[PDB]
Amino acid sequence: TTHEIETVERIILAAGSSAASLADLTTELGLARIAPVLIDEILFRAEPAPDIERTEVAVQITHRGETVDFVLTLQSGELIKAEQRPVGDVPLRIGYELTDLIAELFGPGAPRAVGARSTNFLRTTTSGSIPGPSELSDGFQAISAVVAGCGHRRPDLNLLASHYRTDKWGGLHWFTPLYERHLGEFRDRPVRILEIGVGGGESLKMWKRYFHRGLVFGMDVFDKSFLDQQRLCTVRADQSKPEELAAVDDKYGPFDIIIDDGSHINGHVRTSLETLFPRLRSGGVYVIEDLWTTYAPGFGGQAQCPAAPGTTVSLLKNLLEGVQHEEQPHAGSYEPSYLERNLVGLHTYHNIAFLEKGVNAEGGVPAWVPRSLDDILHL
């Protein structure tokens, strides 16, 4: 279904393009093809359903004469369902123009405060007039949850990590705020993200939610195809085999972001960086979680300090010195390595490192700048 992941990509790109480009896409695919992709997105982002009794909420999408109706069913502790049925008597209604809802789910930039949709709230009550205290309270909560799933309002990544139950926040690690600092500027971008290391898929769900325009790719040596869903593809590949990493990029890249949360075997960490850093988009970010295995013999680490050559912390110390390559003394001719030339910033926190890729060539300090505090006070 690599024709089905290209259709979502096309809807996502048109959502941040010209009116003409969005008009040409909605013409070609039609309402009947696009609507179910939008309904899938609403179910995924409106979860979890509030603590309420089975309540129906209607969603209608219109585009150039055509209109399609869906009814969503919300109930405490249950998966939100949708069926293509008439709105009929359902007293909780949301209406969208197709172009508005595509921009509301997949558009970049500030969410719209007002005028993106129509709404009908209990204009008729099963009560007859003033609704039951239950019907009214459950009604507010139901239609609010669906509207929340219809947009791209900024989510709190700390809560998403607790909600999807990933170890990225709340005990073993405190990463998600640093992910907001370094990946936040890409939330609006149509990104392709690769997480090495997927039982599992929690963190993949979190990235699908955070990057509302993203395609999420989960790489593991074991099959995880049962996690596959819209904008979330799992791939089988070994991070210790350069040819399998290349095949992953050849098929699903290039990636704006690559996160190594895999085996944490020092060798694997080093191979994934050497192979994938060159394939990462310039201006993109490479992340390595779980630095601690640097010191664990069972992960190809050494239990010494300073960290032993060929361990993740030793690597981070060499990358750090690599950023200053232009200022280093070089006997005769020298060309900078790929990592010296393309790593413009290294962010080191407890148990995690962020590698900014970019052109690292500002030129070293000119020869005409004094190389002693002598010649300064002598001028």
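Note that residue numbering follows the sequence shown and begins at 1.
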| query | finding |
| --- | --- |
| Extent of unmodelled deposited sequence, residue 199 relative to residue 198 | 4 to 9 |
| 305-313 versus 207-215 - greater average Cα B-factor per the deposited record | 305-313 |
| Given 62-70 and 49-57, the range whose Cα B-factors average higher in the PDB entry | 49-57 |
| Out of 117, 81, 231, 279, residue topping the C-alpha B-factor column of the entry | 81 |
| Largest Cα B-factor, entry values, listed residues 151, 253, 283, 298 | 298 |
| Third of the chain's Cα B-factor distribution that residue 38 belongs to, per the entry | lowest |
| Where the record places residue 331 (Cα B-factor, split into thirds across the chain) | highest |
| Within-chain third of residue 369 by Cα B-factor, per the entry | highest |
| Chain third (lowest, middle, highest) by recorded CA B-factor, residue given as residue 170 | middle |
| Third assignment of residue 239 from its chain's C-alpha B-factors | highest |
